[PDB]
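Quick notes on the structure that follows.
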Amino acid sequence: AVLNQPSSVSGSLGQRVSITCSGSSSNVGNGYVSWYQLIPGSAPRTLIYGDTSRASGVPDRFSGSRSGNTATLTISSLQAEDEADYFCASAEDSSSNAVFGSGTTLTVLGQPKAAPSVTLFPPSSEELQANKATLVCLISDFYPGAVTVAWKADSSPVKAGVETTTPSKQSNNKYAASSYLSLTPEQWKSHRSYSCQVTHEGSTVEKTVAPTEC
Amino acid sequence: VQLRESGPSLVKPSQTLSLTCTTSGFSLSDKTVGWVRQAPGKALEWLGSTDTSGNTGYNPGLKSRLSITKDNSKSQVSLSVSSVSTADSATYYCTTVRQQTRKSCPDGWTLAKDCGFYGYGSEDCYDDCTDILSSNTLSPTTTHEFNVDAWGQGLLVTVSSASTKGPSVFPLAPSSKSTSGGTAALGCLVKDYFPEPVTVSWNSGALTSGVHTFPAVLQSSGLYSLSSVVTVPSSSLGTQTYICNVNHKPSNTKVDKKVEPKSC
């Protein structure tokens, strides 16, 4: 069906990393596996085509191999720009029938720890004059990518109205995330203050915003 | 060499999705073209291709529903999927592919083409090309070669009975209490819009440093929302205008929003 790759693979900067792509004789056994790199927000990138041959523009730290019905992608010295998803592909029974692998998410460990900078935005005039209120808690420049966000209304738990994104990198390889509280303009003016509480690495940063003023 | 997908971003169930890839930088009469798609969080899937000889091949599991054509003059490949469902929601990539059916012979033997024989028996392996009529013959070994050469940026297509909806852009103004001395975070809230995607730039691209456009959240309402923030010098909050240029192709909408600083 699909080529069996490992779900995820980890590797620290500089170390060597290997991704396995196991199949059968009719596909991987055909001896012409290809490897592609997918960085979010970028067009997929072809890495290896001729089982071992590098495409144009590919650095030499990438390398391909095959042993029977199991290919292998090997990065010699892992970089930070190498954090991404990696897919193998092979033809089966015909050149117009291609099969891809389950995919593997490569994680580049070893980044410096960083603490989040948090900002909380109250509903705007525009959003209010349209009968809606949304508090926007933005969380940026932190590592590792695992935060806990809590919403409090007058220091009491908000059990509803919260949609939170999973953290994702930014241009500087640090993580960023966002949480939203969606309220009616009556729930906004109801309470004295609201609080977004971001717990990252034993610390909790609480930003507070009040309807009274700013 | 570049590949640009075009078509609808939303398609109702049971209908037919149709895309067109416009090619440049090369001559469509010299390359094969295909279509790859990836459902969110799922693996790549192969659709089909059409080669220099106008011959089209398809994913065996999806052949009955697929239709790929081409016009070498207009430099344009076309895809069509029939009776789509929510499973057909995916990012559709246009690609230049390298398809080769390859015949190879054991060591010591040689193919008819390399012997220089041609004719009706132009597909066998020969012991010695020195004598075609008395040489021993083997059937060749067949290997199928497949590569995606170049990738197009992709086009996200959603399959839903719900209707298109543009975004509301609300400013995330930087208050004198949400500054961080020297730098201040201001942004734009892109609220309630369907389907994906939204892209955000700042000052018409001229502002790039410090920007981060977050992923989109899927509210219980069935609409998507996201925010785009940029951190800027706090001394410039009155002397440099900051405009976020939102873009939502699924509804041919494009918004520009002044983010003005709060009086407080």
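Basis: the model, the stated rules and, where named, an outside source; no laboratory read-out is quoted. When we count neighbours, we look across all protein chains shown, and the Cβ atoms used for this are built from the backbone with ideal geometry, even at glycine.
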All conditions in (1) buried (at least 17 other Cβ atoms within 10 Å of the Cβ); (2) facing another protein chain (nearest Cβ under 10 Å); (3) not polar (S, T, N, Q) are true of B:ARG102 except (1)
Strands (runs of 3 or more DSSP E) enclosed by the range B:167-264 - at least 3 residues per element that are within 13 Å of another protein chain (Cβ to nearest Cβ), under 18 Å from A:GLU127 (Cβ atoms) and among the aliphatic types (A, V, I, L, M): B:183-193
So for the range B:38-48 (the condition being surrounded by 15 or more Cβ atoms within 10 Å (Cβ to Cβ), of a type in the set (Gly, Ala, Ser), in contact (Cβ under 8 Å) with a residue 12 or more places away in the chain and in a strand (DSSP E or B)), does at least one residue qualify? yes
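Here's a check for you: in the range B:142-172, which residue that is of a type in the set (S, T, N, Q) and more than 26 Å from A:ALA55 (Cβ to Cβ) is nearest to the chain's Cα centre (by Cα)?
Step one: list which residues in the range B:142-172 are of a type in the set (S, T, N, Q), which gives B:142-143, B:147, B:153, B:158, B:160-161, B:163-164, B:168.
Filter once more, keeping what is more than 26 Å from A:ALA55 (Cβ to Cβ): B:158, B:160-161, B:163-164, B:168.
Details: B:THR158: 13, B:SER160: 20, B:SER161: 23, B:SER163: 23, B:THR164: 21, B:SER168: 26 Å.
Among them, the one singled out is B:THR158.
Could you tell me whether the range B:67-76 includes any residue that is within 13 Å of chain A (Cβ to nearest Cβ) and either in a strand (DSSP E or B) or closer than 30 Å to B:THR16 by Cα (or both)?
Keep residues of the range B:67-76 that are within 13 Å of chain A (Cβ to nearest Cβ), which gives B:68.
Filter once more, keeping what is either in a strand (DSSP E or B) or closer than 30 Å to B:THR16 by Cα (or both): B:68.
There is at least one residue in the range B:67-76 that is within 13 Å of chain A (Cβ to nearest Cβ) and either in a strand (DSSP E or B) or closer than 30 Å to B:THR16 by Cα (or both).
For (1) more than 11 Å from A:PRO122 (Cβ to Cβ); (2) among the hydroxyl-bearing types (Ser, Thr, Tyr); (3) not assigned by TED's automatic domain parsing to the domain that holds A:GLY41, each residue gets a yes or a no:
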{"residue": "A:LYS169", "(1), (2), (3)": "yes, no, yes"}
{"residue": "A:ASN173", "(1), (2), (3)": "yes, no, yes"}
{"residue": "A:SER178", "(1), (2), (3)": "yes, yes, yes"}
{"residue": "A:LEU183", "(1), (2), (3)": "no, no, yes"}
{"residue": "A:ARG192", "(1), (2), (3)": "yes, no, yes"}
{"residue": "A:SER195", "(1), (2), (3)": "yes, yes, yes"}
{"residue": "A:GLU201", "(1), (2), (3)": "yes, no, yes"}
{"residue": "A:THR204", "(1), (2), (3)": "yes, yes, yes"}
{"residue": "A:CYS214", "(1), (2), (3)": "no, no, yes"}
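Filtering the range A:113-137 down to residues that are free of Cβ contacts under 8 Å to residues at least 40 places away in the same chain and in a loop (DSSP other than H, G, I, E, B), which residue is nearest to the other protein chains (Cβ to nearest Cβ)? Lay out the reasoning, then the answer.
Taking the range A:113-137 and keeping what is free of Cβ contacts under 8 Å to residues at least 40 places away in the same chain, we get A:117, A:124-127, A:129-130.
In the following step, the residues that additionally are in a loop (DSSP other than H, G, I, E, B) were identified as A:124, A:129-130.
Details: A:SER124: 5, A:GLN129: 10, A:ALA130: 7 Å.
For the range A:113-137, the residue satisfying everything is A:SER124.
Restricting attention to the range A:62-106, report how many residues are over 23 Å from A:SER24 (Cα atoms) and either β-branched (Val, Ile, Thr) or exposed (fewer than 15 other Cβ atoms within 10 Å of the Cβ) (or both).
Looking only at that region, the number is 6.
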Checklist (1) surrounded by 14 or more Cβ atoms within 10 Å (Cβ to Cβ); (2) within 21 Å of B:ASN252 (Cβ to Cβ) applied to B:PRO174, failing item: (2)
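Restricting to the range A:138-162, count the residues that are outside any loop (DSSP other than H, G, I, E, B) and either at the interface with chain B (Cβ under 10 Å from one of its Cβ atoms) or out of contact with any strand residue (DSSP E or B) (no Cβ under 8 Å at 6 or more places or on another chain) (or both).
Of the residues in the range A:138-162, 6 are outside any loop (DSSP other than H, G, I, E, B) and either at the interface with chain B (Cβ under 10 Å from one of its Cβ atoms) or out of contact with any strand residue (DSSP E or B) (no Cβ under 8 Å at 6 or more places or on another chain) (or both).
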Can you tell me how many residues in the range B:87-131 are part of a strand (DSSP E or B) and among the hydrophobic types (A, V, I, L, M, F, W, C)? 5
